[PDB]
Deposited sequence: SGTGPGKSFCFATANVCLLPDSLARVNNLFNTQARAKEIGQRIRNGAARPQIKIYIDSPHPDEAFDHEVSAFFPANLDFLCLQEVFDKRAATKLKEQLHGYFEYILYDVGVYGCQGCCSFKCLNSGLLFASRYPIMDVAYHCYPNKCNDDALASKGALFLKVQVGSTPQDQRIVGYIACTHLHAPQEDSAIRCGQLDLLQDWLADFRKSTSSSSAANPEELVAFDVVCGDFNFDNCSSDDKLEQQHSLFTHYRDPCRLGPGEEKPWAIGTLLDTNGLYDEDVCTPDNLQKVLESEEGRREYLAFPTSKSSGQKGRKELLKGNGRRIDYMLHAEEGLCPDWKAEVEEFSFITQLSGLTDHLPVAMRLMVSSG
């Protein structure tokens, strides 16, 4: 079969006027470094020795990786706001990705923060902004970007295509109903885009959704979003059910409260104690702070998602998860862990 590799990352590239003060390095410097690390991870495979009994607790390989996956095909970034930093980032990503889209609001202020990079041609693109009537006080726009990509051809001259969507949802922790309204719209727009670009014959290899959803799969506060119908149609490889994580799933928001290299963070996040200290956990309501280490449960708030549809694909092909990874390659450069997924598309 053919393998396709996706990654999502919130890279926190704000304008210097709004970013943390008293920094020796600006947003442009971090952006260049993020772009170089992504390129270097994607371009160079890590040593892969033979494994005789691979992933015995799951249907696919899963890990906390110090690198972006080699042979990455599609990259969805959020919070790419600073234009000069976005330029540095594009210059660096260009060494690996042939098709880069930024300023995506034009396909709907250019303040979505979304960037998409692809090794495969982009056939169609749509951007939709989530409604936010706020007396014109929003500094950024939250929204969803929809892509259709050309990924090959069959021996019968049928075009092989794939669908990708990336989004950044409403952030305030108490605003559960607003995120459910946004997920309702994301569901509607995914179907609208599929219909508008469906109209050579085409075979669908995959249909992926990713992004910074700003809700976890472990706290009672996010219970309504966890139960949303989107998860019925777009499968979350880290989930056993609403509010129930698989044992190997970890949080993706770092606790922002010192040289920590990708290898160091990897080792830290492979331990329960390191996760309790480095990752965000649901805040205790009586103190308004992260609960004492010994009382924390699970592996942290996972708010960055990487999902795949099982329905709607070519009936003759099995598109399944091959690998799922939480990435530490941007340690010190952003407050989220990038998430990646490889899908193996096979016949027979």
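- Residues of the deposited sequence with no modelled C-alpha atom fall in the ranges 1-5, 114-121, 213-217, 276-280.
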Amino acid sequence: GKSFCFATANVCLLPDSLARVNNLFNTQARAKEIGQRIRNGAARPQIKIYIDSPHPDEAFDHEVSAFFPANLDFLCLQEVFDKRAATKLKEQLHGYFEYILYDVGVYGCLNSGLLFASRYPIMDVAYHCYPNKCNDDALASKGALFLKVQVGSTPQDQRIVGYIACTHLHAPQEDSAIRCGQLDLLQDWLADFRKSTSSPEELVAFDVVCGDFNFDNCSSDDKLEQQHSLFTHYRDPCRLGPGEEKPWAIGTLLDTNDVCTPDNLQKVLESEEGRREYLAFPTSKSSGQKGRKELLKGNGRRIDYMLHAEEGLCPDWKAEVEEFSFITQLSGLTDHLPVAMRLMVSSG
From here on, numbers count along this sequence of modelled residues.
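- Look at the mean CA B-factor for 14-22 and for 323-331 in the entry; the higher one is 14-22.
- If you average the C-alpha B-factors over 73-81 and over 224-232, the higher value belongs to 224-232.
- Within the listed group 91, 188, 258, 216, the record reports its top CA B-factor for 258.
- The entry lists C-alpha B-factors for 300, 288, 35, 41, and the highest of these is at 288.
- For residue 8, the recorded CA B-factor ranks within the lowest third of the chain. Only modelled residues enter the ranking.
- In the deposited entry, the Cα temperature factor of residue 102 places it in the lowest third of its chain's modelled residues.
- In this PDB entry, the Cα temperature factor of residue 197 sits in the top third of its chain's modelled residues, the highest group.
- Annotation for residue 296: C-alpha temperature factor in the highest third relative to the rest of the modelled chain, per the entry.
- Sort the modelled residues of the chain by CA B factor and residue 31 lands in the lowest third.
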